[PDB]
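For reference, the chains in residue letters:
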Amino acid sequence: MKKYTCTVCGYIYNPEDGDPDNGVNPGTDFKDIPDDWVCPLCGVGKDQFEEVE
Ligand SMILES: [Hg+2]
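How each quantity is defined
- Residues numbered from 1 in each chain as written, not as in the entry; some residues may be left out.
- Heavy atoms only, no water.
- UniProt positions renumbered as here; feature names shortened; annotations may be inferred.
- Helix = DSSP H or I, 4+ residues; strand = E, 2+ residues; numbered from the N terminus.
- Buried < 20%, exposed > 50% of the residue type's maximum accessible area, 1.4 Å probe, protein only.
- Contact = heavy atoms within 4.5 Å.
- Salt bridge = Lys/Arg side-chain N within 4 Å of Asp/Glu carboxyl O.
- Pairing = 2+ DSSP bridges.

Structure determination for the deposited model, as stated in its record, used X-ray crystallography, and the stated resolution is 1.60 Å.

Now the structure itself:
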């Protein structure tokens, strides 16, 4: 599974860690994160994230 980065602030979503405090469990692919989730650091939506290749 690929990491994704917030292109506004630089936060990296790592699927191995998830974002458990906001209900995203370890092992969750970015695409499967509920679409109302926002960056835990700056609060922008999923549509500002890009795949890290
Ligand atoms: Hg951000």
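### Considering the UniProt feature "binding site: Fe cation" in the protein
The UniProt entry lists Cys6, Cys9, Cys39 and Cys42 under the feature "binding site: Fe cation", expressed in the numbering used here. Of the residues just listed, which span 37 residues, no C-alpha pair is farther apart than 9.0 Å, and they cluster in one region. Within the secondary structure layout, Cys6 lies in strand β1 (residues 4-6). Overall, the relative accessible area of 2% leaves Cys6 in the buried class. Setting aside residues no more than four positions away along its own chain, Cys6 makes contact with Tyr11, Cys39, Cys42, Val44, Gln48 and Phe49. Within the secondary structure, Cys9 sits in the loop between β1 and β2 (12-13). Judged by relative accessible area, which is 39%, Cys9 ranks as partly exposed.

### Regarding the pattern of salt bridges
A complete count under the given rule lists three salt bridges for this structure. In this structure, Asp32 engages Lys31 in a salt bridge whose closest nitrogen and oxygen atoms are separated by 3.2 Å. Across the salt bridge formed by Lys46 and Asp35, the nearest N and O atoms sit 3.1 Å from each other. Taken together, the residues span a long stretch of sequence, with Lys46 in the loop between β2 and β3 (49-51) and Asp35 in the loop between β2 and β3 at a distance of 11 residues. Residues participating in the shared-partner salt-bridge network are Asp29, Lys31 and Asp32.

### Let's talk about the sheet that holds β1
Pairing in this open sheet of three strands is antiparallel, and the strands run β2-β1-β3 from one edge to the other. Each of the sheet's edge strands pairs with one partner strand only, and the pair in question is β2 and β3. As defined by bridge partners, β1 adjoins β2 across two bridges and the pair is classed as antiparallel. Bridging across to β2, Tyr4 finds its partner in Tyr13.

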